[PDB]
Every structure is written in structure tokens, then in C-alpha cells.
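Quick setup: one chain, the form deposited in one PDB entry, written in C-alpha cells, and binding and motion questions come after.
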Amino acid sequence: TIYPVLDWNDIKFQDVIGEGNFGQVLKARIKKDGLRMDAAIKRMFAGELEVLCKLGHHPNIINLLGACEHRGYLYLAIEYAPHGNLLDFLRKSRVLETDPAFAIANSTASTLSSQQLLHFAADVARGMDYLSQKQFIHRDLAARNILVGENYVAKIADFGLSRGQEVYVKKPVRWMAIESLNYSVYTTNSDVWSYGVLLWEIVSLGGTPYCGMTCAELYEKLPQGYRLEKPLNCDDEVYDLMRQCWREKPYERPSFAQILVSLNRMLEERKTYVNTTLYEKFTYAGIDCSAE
């Protein structure tokens, strides 16, 4: 009873809407507190379960509605994010590709604006600050694991449940901190590195990071000091923010709280930080289906 119990009989499964590291996610309708509502279902040890059930609501963390035991398996009922994962949401906005007529007429390269992209980044930083302050270590921060829920509020999903100052996970190379590629240990510091790549994904409207490069090249190239280049449509303040997230020394990277402050500053300025207008020779950052 450590969680809002739910009867498998009150779950109306619909369609498959995605798939995480473990299992498929299914959209469904359930009855909670006598009321019928939308939800995503994921088939999920004991300690982690309590960790999740205890977490506690936060507007930028996908929320647990209830769990259900069935055939020896535990099914989690999750708050529903109608808009889907951030990665596809970003790629669906590349109107120059999805609706060129619209793009030329409005002279825009995305249905989304600079502010919206900054909000997604701020939303995630807020959620990560909340999680890291409680010793949580995500381990797999990336656009694909961010959900765009009600009112387009970004929500963090698929975060690791093993709490502590650092966690070893024997076992996503393009999002991993150098110290994780070498040691398989994760900390909030390596979460910050990944957040930086997430920020780069946001600004590039879902481009594959290090497009054109093999994982192998990264292993040797990253330690040499190599890092993702600034997208031409990105302001320097935003790019510097990413660079801070990728400092070789983990303890030199900012905290999520500091990241959020820098983002809120940008959000407050009338200034535009991520250019989405169409300029003479515009092209999107590439998506390497060979790596995905």
C-alpha cells in the first residue's frame, strides 16, 4: 500500500505510444478515486519502488498516478503527456521540412519560438534541481526522455531510482560525461554534462549530437578537449552555458540551480536567444539515422 493501489480491472489499455529502456509504454484510461482519467502504463527493486512512490509531485517531473500487480508483474500508471517526448516534438516543429509552404510564407524555420525552447530548458533544469537536491541521479538525460505534458510544461521521465552521491551501473554514448564513458559511474555532475547535450538538442531542434561522428571517435576525441560546436542560430550566452556543462573536471560544472538562474535571466530579457527565422541559406542540424 506504499502506493495508490489500482485494480487491473479498471485499466482500459489502448495503443502503444513508445518504448523505454525497459518495456513499452501504453496509453490507457483508468479509474482513480472513482474518476476515469488518461495515463501511460509501463511494466516496471523494493527500495527503488518506495523511492518512487515517495518522490512527491513536482510540475517538471512526470507524476506517478498508481501501480497495479498483475501476473507477477508490476504495472505503473503514469501521468499522461499528450504531446509526447521532447525529441519528436522538436523534430515535428521543423516546418521547413514538415510544411515548407508554411515556412516560406511565415519566413520561419520552426512553429516554436526562442522563448518556448528556453522554457523547455528551464523546466528541465528546475526538475533536475529538485531531483538532485534529493540525491537522485538521472543517468539518462536526453530529449527523448523529456515529455511535453499539459500546457507544454516539460516533464522529466525515466530517471534512475538508485539514490546516492554516485552510482555504478555496469550496463547513450553521445550524452555521456567523459568520466561515465571511462568508469560507468554517474553523479549529478555527469547529469549536468548530459543536460548540456539536451540543451544542444533543444537549440538545434532535435539534431543528433556529433552528427557524422562514430561513437569510437568520441571516446578518443572528447578527452582531447573536443566539444559540440555552436549552432549558427544559437546565441553565445546559451552556448557558453553548454560549455560550462561540459568541463572535463566534474566539480567545475554548474549546479542545476545555477543553470536555472542563467536561463531565467535569458527568459526575462526581451532579447531573442535562439533564432528560428528563415535566413537566405538555412538548413537544420542533421539527424543521423545510422546512429539511432
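By rigid core we mean the largest C-alpha set that fits within 1.5 Å across both forms. Residue numbers here begin at 1 and follow the sequence given.
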| Test item: residue 121 lacks coordinates in at least a third of other entries | no
| message | Considering only other entries where residues before and after it are modelled, is residue 168 without coordinates in at least a third? | response | yes
| How many residues that are in the deposited sequence but not in the model lie between residue 44 and residue 45: none, 1 to 3, 4 to 9, or 10 or more? | 10 or more
| field | Interval residue 171-residue 172, deposited residues with no coordinates in the entry (none, 1 to 3, 4 to 9, 10 or more) | value | 4 to 9
| task | Between 237 to 245 and 46 to 54, point out the one with the higher average CA B-factor as the PDB entry records it. | result | 46 to 54
| note | Of 215 to 223 vs 126 to 134, the stretch with the larger average CA B-factor in the entry is 215 to 223
| task | Please pick out which of 257, 62, 39, 68 has the largest Cα B-factor as recorded in the entry. | result | 68
| field | Modelled-residue ranking by C-alpha temperature factor, third containing residue 74 | value | highest
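Although it is not shown, the form deposited in another entry is what the next lines describe.
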| field | Sole residue of 242, 30, 234, 266 shifting 2 angstroms or more in CA between this form and the one not shown, core aligned | value | 30
| task | For residue 17, decide whether the Cα shift between this form and the one not shown is 2 Å or greater, given a superposition on the rigid core. | result | yes
| task | Look at residue 162 and decide if its Cα position differs by 2 Å or more between this form and the one not shown after superposing on the rigid core. | result | yes
| query | Once everything's superposed on the core, is residue 74 shifted 2 Å or more at the Cα between this form and the one not shown? | reply | yes
| message | Closer or farther: the C-alpha atoms of residue 161 and residue 85 in the other form, versus the form shown, with a change of 3 angstroms or more? | response | closer
| query | Closer or farther apart in the other form, the C-alpha atoms of residue 163 and residue 145, for a change of 3 Å or more? | reply | closer
